[PDB]
């Protein structure tokens, strides 16, 4: 609910999503393999970058970012994926739903940070929103 709390929960989602997409990356099979293998590598590296960005946002608010993977699992709103076989369509469907979750949270981040006069977090949140809106649009087109 507070800005740093939204950030910390997003940092948890970021690494959990990194792991989820890492799973997809190595376990994707079928005629779409080559495209999905490449796309998922880009997607999980973006989540790795987001993890780093969010940590930076947290310290500048005078708080500690995630300390452990145990803490990431605690705070995450993302369900971890235990399956190792999917079809490529289901991979993109899953990632889309996760992006939609993130968009909702970054919207809340922006609004909450604005109310506190936290101009830097607002900028960061709005920039992430632009990236997410593009990713969502492309996955929606792919799945249409």
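Numbering follows the first chain given and starts at 1.
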**OP:** Would you tell me which stretch averages the higher CA B-factor in the PDB entry, 96-104 or 29-37?
**Re:** 29-37
Subject >> Record-listed C-alpha B factor of residue 45: chain third >> reply: middle
Subject >> Chain thirds of CA B-factor: placement of residue 113 >> reply: highest
Original post:
With respect to C-alpha B-factor, does residue 91 fall in the lowest, middle or highest third of the chain as deposited?
Top reply: highest
